[PDB]
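1. pasting the first bit of my complex, frame unchanged:
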Amino acid sequence: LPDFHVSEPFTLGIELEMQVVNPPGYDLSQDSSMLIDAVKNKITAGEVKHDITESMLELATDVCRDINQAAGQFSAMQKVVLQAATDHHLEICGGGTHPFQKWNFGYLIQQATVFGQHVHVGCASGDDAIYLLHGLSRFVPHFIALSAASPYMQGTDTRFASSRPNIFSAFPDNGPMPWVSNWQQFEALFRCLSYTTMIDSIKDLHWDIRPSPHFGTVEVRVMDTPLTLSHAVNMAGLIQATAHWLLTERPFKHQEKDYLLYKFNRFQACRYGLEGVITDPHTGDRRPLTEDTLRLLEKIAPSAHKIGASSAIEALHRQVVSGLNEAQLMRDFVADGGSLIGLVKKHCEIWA
């Protein structure tokens, strides 16, 4: 593995996997490679690629300093993209799963395509990356609940706020990174994992949060892709302010037992969103995520000012206080008599 790249203070990078739908039926497209081959010169900052499926358009920012910069690169990418979409009679929308799309790892891979948002935070060293990773792992339940946007799967209400994460549960590498206390221990772990033929690079390990020594960042990849660009930017600010608070204040001394209930709390967030309950593994104390998330928001507020994300922190606070659950909001649209086709159309208009 290469030396851990020394990145600039808390740099930021965002990747969004958007859905490409084909009107008027509004199911996922399969001919969206021509979208990239339509913006292959119409994007100055950031990057746009596509999956092997052709139903996903990935937008990525370059390395930014704050959410205002990310927001600008996304805004500029959005105009071109929307133009190309219209030019090809296609539409773009966010969300963790397409509501009705129906589909060697055999059948595990034969499930509908899903859409996630990844956020990269710069670190100065490997030991800092490891500290940042463990610190962020504590709020993964919170990051999932705040971004949950995938209640529907193949036409049925799964009851989950975010069902997308269930699609990877059978894979060996799913979930939290195995524990390591520092960068040296991480290199040994990666060395051991590399023994299998399945693992050749870190890119192959789909942990919820993973470090990158080549880019000098820690990557959070547990979130559903948001319905709007602004919410995606706010989640990124949230993660950047938490990173700043963790690394500058070092509020915790990380212990393996901090991860004991990691999967149980992760499940509660996927299944119930902010109404899920988080349990402390050391004391057994339980708290709804709405309450606990408000406490995270108040704790990282000063750090949010410092790196320019206080506006994201304030908006997330307003949303937790009022409820605003996209999962439910989708269910209400449908409960009010709207159709899944209509819901996808609504989401296309919303993203624009």
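-> Alright, I've got the coordinates. Numbering: from 1, shown residues only, chains lettered A, B, ... in the order given.

2. list the contacts of residue A:147.
-> Residues near residue A:147 by CB atoms under 8 Å, 6 or more residues apart in numbering: A:117, A:162, A:223, A:224, A:226, A:231, A:235. (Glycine included, C-beta is placed from N, CA and C.)

3. excluding chain neighbours, what is closest to it?
-> With CB to CB, 6 or more residues apart in numbering as the measure, residue A:223 is the residue that lies nearest to residue A:147, at 4.0 Å, once sequence neighbours are left out.

4. looks to me like the one you found is in a strand.
-> Yes - according to DSSP: H, G, I helix; E, B strand; the rest coil, the state of residue A:223 is that of a strand.

5. on that earlier part again, and the two most separated of the contacts of residue A:147?
-> Put simply, by CB to CB the two of these set farthest apart are A:162 and A:231, 13.7 Å from each other.

6. ok so, going back, tell me which of the contacts of residue A:147 fall in helices.
-> Using DSSP state H, the members of the contacts of residue A:147 that fall within helices are A:231, A:235.

7. let me have the contacts of residue A:147 in a markdown table, adding neighbour count and distance to residue A:304 as columns.
-> A markdown table is the format used below for the contacts of residue A:147 (neighbours: other CB atoms under 10 Å; distance: CB to CB, whole Å):
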| residue | neighbour count | distance to residue A:304 |
| --- | --- | --- |
| A:117 | 25 | 19 |
| A:162 | 28 | 24 |
| A:223 | 28 | 18 |
| A:224 | 29 | 23 |
| A:226 | 25 | 19 |
| A:231 | 22 | 16 |
| A:235 | 23 | 13 |
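
8. now stretch A:167-179: buried residues?
-> Judged by neighbour count (16 or more other CB atoms under 10 Å), stretch A:167-179 contains these buried residues: A:167, A:173, A:174, A:175, A:176, A:177, A:179.

9. need the residues that contact it.
-> If you take CB under 8 Å, 6+ apart as the criterion, stretch A:167-179 is touched by A:105, A:108, A:111-112, A:114, A:133, A:137, A:140, A:189, A:198-199, A:204-210, A:256, A:259, A:262-263, A:266.

10. now for chain B, put it on the one above:
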Amino acid sequence: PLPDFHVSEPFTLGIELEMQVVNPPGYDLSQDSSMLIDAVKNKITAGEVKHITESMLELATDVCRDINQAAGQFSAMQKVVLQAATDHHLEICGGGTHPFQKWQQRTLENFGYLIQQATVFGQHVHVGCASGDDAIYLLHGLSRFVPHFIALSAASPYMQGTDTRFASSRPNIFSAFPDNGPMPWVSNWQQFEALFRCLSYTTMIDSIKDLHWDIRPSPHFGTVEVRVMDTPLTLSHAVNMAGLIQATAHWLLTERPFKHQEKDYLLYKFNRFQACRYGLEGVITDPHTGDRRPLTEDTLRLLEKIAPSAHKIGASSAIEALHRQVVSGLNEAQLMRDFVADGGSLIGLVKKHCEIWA
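-> Now chain B, sitting on the chains shown earlier:
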């Protein structure tokens, strides 16, 4: 708190087989394994026959001293069950999954669509031990061969009518639950209680029985329970898998051949996946040395180390039959695939599996 760990006679055996009750002439999972059970009330001389899941019949031996006593208790329950079946026009067969069946507690609330799949069927083996520390040592020893147990028992390539491409797909059914796979690491009984105390702080678990681990300790029965295997097509195989586990348990606790450390589990999920997907053709990788070898080869090394222990406890037959299987280059999953490749239907396949069990 958890019960004190019951002092069992070491190496005794308790076996459970969840059998499939199918309905001719369509051969789908039946919804009457109840009237069949009520038909065998009392008839069972030793052991027990119970359901949960109207398509499932569970055959459980009592606590046995050796595999022969076990082969005995099953053979007798089998005759009884086979006759009750005949009188109700139902049939019985093994296998980890029903090849074409499609789906129709406080678990629904929590998991929703995740548990609304097809019924899966496993063989469970309980090995008695003297204490909690011994149970922990025994569990870690057995965790090293979980890939071997799965591969040797693989018999669930089909799921809901479709070929999954796995040898044993049943072990994935619980991949979405927070407590599936290997038990979190603890080094002795004292730490295990601390582990269980932690886990029970959550809503879905108040007892050892709510845990979906591959291998689970039972302070109540005074046993270490291996629960990763698919229910085999025959009773002889079920009995032979129990003898392997018993022989390995004997080798582990008497020779104490490994010095257990958390790093031993590092590649547990990758090796577990290789077994599920390719059966004995799977490759096993050591996390320490990085050595890679197919499960066929590794299973033969296991059979060698446990031959002496098997002789003393009366399970050499199990070991020899397993050895022939390993070098036979044939596996239930491929035999099911060949059947279908040759023109057979999944329905025909189930009918054939009922004739095999009988």
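
11. could you re-examine the contacts of stretch A:167-179 with chain B now present?
-> A:105, A:108, A:111-112, A:114, A:133, A:137, A:140, A:189, A:198-199, A:204-210, A:256, A:259, A:262-263, A:266, B:172, B:175-176, B:266, B:269-270, B:272-273 (CB atoms under 8 Å, 6 or more residues apart in numbering or on different chains).

12. close to chain B: what parts of the stretch 1-150 of chain A are there?
-> A:104, A:105, A:106, A:107, A:108 (CB under 8 Å from any CB of the partner chain).

13. a strand runs through the first one, doesn't it?
-> No - using three-state DSSP, the secondary structure at residue A:104 is coil, not a strand.

14. so who does it touch?
-> Under the criterion of CB under 8 Å, 6+ apart, the contact list for residue A:104 reads B:165, B:277.

15. helices of the stretch 51-200 of chain A, start to end?
-> With DSSP state H, counting those that start in this stretch, the ranges of helices along the stretch 51-200 of chain A come out as A:67-87, A:126-137, A:140-147, A:183-193.

16. give me whichever of the ones you listed is most buried.
-> Ranked by mean neighbour count, these are led by helix A:140-147 with a mean of 26 (mean count of other CB atoms under 10 Å in any protein chain shown).

17. name the SS class of residue A:253, please.
-> With three-state DSSP as the criterion, residue A:253 reads coil.

18. check the stretch 101-250 of chain A for the residue nearest chain B and tell me.
-> Nearest residue of the stretch 101-250 of chain A to chain B, counting by CB to the nearest CB: residue A:106, 2.7 Å away.

19. and that residue, what does it touch?
-> B:163, B:164, B:165, B:166, B:169, B:277.

20. of all the residues you listed, which comes closest to chain A?
-> After measuring those against chain A - CB to the nearest CB - the closest member comes out as residue B:165, at 2.7 Å.

21. next, the closest one: phi, psi?
-> According to degrees, to the nearest 10, the main-chain angles of residue B:165 amount to phi 80, psi -10.

22. could you find the closest non-adjacent residue to residue A:32?
-> By the measure of CB to CB, 6 or more residues apart in numbering or on different chains, the closest residue to residue A:32 outside its immediate chain neighbours is residue A:20, 4.0 Å from it.
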